[PDB]
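K.L.:
pasting an experimental structure, sequence included:
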Amino acid sequence: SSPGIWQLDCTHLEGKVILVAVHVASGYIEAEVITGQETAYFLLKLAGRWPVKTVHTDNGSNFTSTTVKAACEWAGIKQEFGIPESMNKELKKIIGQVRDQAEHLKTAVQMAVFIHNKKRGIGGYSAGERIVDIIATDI
Amino acid sequence: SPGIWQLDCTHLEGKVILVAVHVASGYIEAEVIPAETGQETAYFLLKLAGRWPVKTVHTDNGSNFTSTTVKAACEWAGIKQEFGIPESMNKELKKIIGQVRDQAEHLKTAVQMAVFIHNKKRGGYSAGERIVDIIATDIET
Ligand SMILES: Cc1ccc2oc(C#Cc3cccc(CN4CCN(CCNC(=O)c5cccc(C#Cc6oc7ccc(C)cc7c6CC(=O)O)c5)CC4)c3)c(CC(=O)O)c2c1
């Protein structure tokens, strides 16, 4: 039972910070180029869109943001340390494939997210379909 | 109507709030645009299409037909912009936004709290469960 289990991490590119959330069971990702207020905002707007019940991070930075805890409490997210970067260097390759189609890094990040979530291998389901499948199976 | 959406704008506290509605489910996506249209709308649409099936976006004025960036995003992501929109849920949303406004320093935070409530509440099924139900019923169909 991992419908609402997510992984949260940072990555960096062109001197900017990319927050990345991974739905662990599906591989589905959401990201944004941005501190604690920013992380809390990102988590709230994630949690309004998917079932978000547990978020795992692997360092201490999110345990020291008062707004992040406030977001956790408001939305009912347990923020837990540990495990339930192949994804960040998979996201970075795609960002590289597209970087010249957009003026802003923002945009190239979101095109890369698009491709990651929509792409297949050939057959089966994309990450975007799996997360919907997982959730639909759930209720 | 799996990938059918309608896009509209609302205003609070001197700000603009882009609001995307998945017509069949009532599920909504919103964001406080710092500016007004243009590359803000194109970015919002690209994010949206990276998350959901977005095939047809309906609007009922001419504003989005005059943005080259919006047109570039429609064609990058495979979204047909279509005019006409044949409901009152900017109304609802601001109702919830008022219920929570004192819980957030920033209007955008309070908008996103309103989206949360609208999508999760009921009863039977919430908008958030329906859009998933509708989409999962479809992949297997
Ligand atoms: C083919 C194609 C397709 C798509 C395309 O698209 C584009 C584009 C674009 C673009 C154009 C212009 C501009 C920008 C970015 N612009 C926007 C505003 N940006 C301010 C951020 N500002 C906070 O993020 C912020 C600021 C302050 C506060 C917070 C917060 C919070 C918060 O959250 C909470 C959650 C829960 C709880 C309990 C509390 C909180 C709180 C605290 C509270 O409230 O109590 C957040 C700056 C940058 C982007 C292109 C063109 C291309 O590229 O070729 C393109 C091409």
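P.N.:
Structure's in. What do you need? Numbers count the residues shown, from 1 in each chain, chains lettered A, B, ... in the order given.
K.L.:
was I right to think residue A:75 contacts residue A:41?
P.N.:
No - between residue A:75 and residue A:41 there is no contact under Cβ atoms under 8 Å: 11.4 Å. (Each C-beta comes from the backbone N, C-alpha and C, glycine too.)
K.L.:
so what's the spatially most central residue of chain A bridging to?
P.N.:
Closest to where the C-alpha atoms of chain A average out (Cα atoms, centre = their mean) is residue A:21, at 1.5 Å. The partner list for residue A:21 in beta bridges (DSSP bridges) reads residue A:8, residue A:30.
K.L.:
could you measure from it over to residue A:29?
P.N.:
Distance, residue A:21 to residue A:29, by Cβ to Cβ, to the nearest Å: 7 Å.
K.L.:
also residue A:55?
P.N.:
Going from residue A:55 to residue A:29 by Cβ to Cβ gives 14 Å.
K.L.:
repeat for residue A:105
P.N.:
To residue A:29, residue A:105 is 16 Å away according to Cβ to Cβ.
K.L.:
same deal with residue A:76?
P.N.:
Residue A:76 is 22 Å from residue A:29, by Cβ to Cβ.
K.L.:
of these two, which one has the most company?
P.N.:
Comparing residue A:76 with residue A:29 by other Cβ atoms under 10 Å in any protein chain shown, the one with more neighbours is residue A:29, at 24 against 12.
K.L.:
for that one, which non-adjacent residue is spatially closest?
P.N.:
residue A:22 (5.3 Å; Cβ to Cβ, 6 or more residues apart in numbering or on different chains).
K.L.:
contact partners for the one you found?
P.N.:
With contacts defined as Cβ atoms under 8 Å, 6 or more residues apart in numbering or on different chains, residue A:22 is in contact with A:6, A:7, A:8, A:9, A:28, A:29, A:87.
K.L.:
same thing but at 10 Å, please
P.N.:
Residues in contact with residue A:22, defined by Cβ atoms under 10 Å, 6 or more residues apart in numbering or on different chains, are A:5-9, A:28-31, A:56, A:87-88, A:91, A:127.
K.L.:
among those residues, which pair sits farthest apart?
P.N.:
Largest separation among the contacts of residue A:22 by Cβ to Cβ: A:5 and A:91, giving 19.2 Å.
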